[PDB]
Structure formats: structure tokens, C-alpha cells
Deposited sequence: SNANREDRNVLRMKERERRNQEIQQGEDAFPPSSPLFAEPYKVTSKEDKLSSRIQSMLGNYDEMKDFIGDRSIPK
């Protein structure tokens, strides 16, 4: 009933309208069919990695 309260209640109504992972590592084996495929088609990643992007 008081202004201070009625004021604050309105301030809030206003307002209410608005390391997880370890560092990734290389994996030599085991190999899965998906990876094996990809590498056979795109080739060797490390041979390409310095051409994709900036140095």
C-alpha cells in the first residue's frame, strides 16, 4: 500500500520483461568407419590444416 513498495513492485515488473571440458587430444586408435572414410576422401588433415584459415 505504501509508495516505496508500490514503486519497487513496479521497478521489478519493468525488469522481469527482459572449465567444463578438457583440452582435446589426438586419437590414433581405435579407428571407426566414419573417420576412415573421411580421411580416404579428404586426405591427410595435417597436410591441409595450415591452408584452411589464417596463419
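J.: Give me the ranges of the deposited sequence that have no CA atoms here, in sequence order.
T.: According to the record, the gaps fall at 1 to 5, 24 to 34, 72 to 75.
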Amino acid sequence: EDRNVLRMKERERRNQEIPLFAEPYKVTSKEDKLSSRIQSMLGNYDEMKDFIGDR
From here on, numbers count along this sequence of modelled residues.
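J.: Please compare 6 to 14 with 36 to 44 and name the stretch with the higher mean C-alpha B-factor in the deposited structure.
T.: Looking at the record's C-alpha B-factors, the answer is 36 to 44.
J.: Would you please rank residue 54 by its C-alpha temperature factor against the other modelled residues of its chain and give the third it falls in: lowest, middle or highest?
T.: CA B-factor rank for residue 54: highest third.
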